[PDB]
Structures are given as structure tokens and as C-alpha cells.
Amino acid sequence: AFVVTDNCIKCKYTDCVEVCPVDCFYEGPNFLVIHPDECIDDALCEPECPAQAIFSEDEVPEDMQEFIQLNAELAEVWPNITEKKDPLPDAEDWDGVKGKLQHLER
């Protein structure tokens, strides 16, 4: 019930996965999502994200409410990621840029 939002796109640091007790993170080309049914809400991944893109479902910003359903539907099609990887090459350039959902890759 924790949701990855907008600032993850084009950053994808992947520090979030090393602290997940249940391995419920699924990866896309430039984005990660959380499988809402497997997540146990221990909140351990939220302070680990450099993009600060992870939020508890009831705390997801009003203008990013879309990502709640997005994480559930993409967690169903993307592959499981359980290990840390290097961030995307220009992650710091995109950290803090808004409306990055227009750059989301399936």
C-alpha cells in the first residue's frame, strides 16, 4: 500500500529495493512500482528513495493520485527487481523535474 510516484521516472535510483522485506518492487525501463497486494506497509522503502518519490497510499499527493492505480496495473506486467542497480545515467538532471509521467516508458 506504498506507492511510487512521479519523481522516480528518469531517475530510478533503485535504493528502495534493498530494504524491502517481501520483494514487491517491479521494474520498467525508467520507473519502478510497488505491488499493492504484496506490500506489507512497513514504510522502510520511503526514506531510502533519493527522489523522495515513495509515499504511503493515503499520503500520495493529490496531483499524483494517478500513480496508485498505475503501480497496481504495471506491477502485474513488469518483472520483479530485488537488487540495487546503478541509477539511470542522467538521474540527477531529472530529479525534481515535474510531470515526468509524460516520459514513462512501458
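Counting begins at 1, following the sequence as shown.
Engineer: Do the C-alpha atoms of 82 to 90 or of 15 to 23 have the higher average B factor in the entry?
Structural biologist: Taking the mean C-alpha B-factor of 15 to 23 and of 82 to 90, the larger value falls to 82 to 90.
Engineer: According to the Cα B-factor stored in this entry, which of the following is highest: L32, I54, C39, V77?
Structural biologist: The listed residue with the largest C-alpha B-factor is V77.
Engineer: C8: which third of its chain by C-alpha temperature factor?
Structural biologist: Answer is lowest: the recorded C-alpha B-factor places it there.
Engineer: Tell me, lowest, middle or highest third: where does the Cα B factor of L104 rank within its chain?
Structural biologist: It falls in the middle third of the chain.
Engineer: Which third, lowest, middle or highest, does the C-alpha temperature factor of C45 belong to within its own chain?
Structural biologist: Highest third of the chain for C45's C-alpha B-factor.
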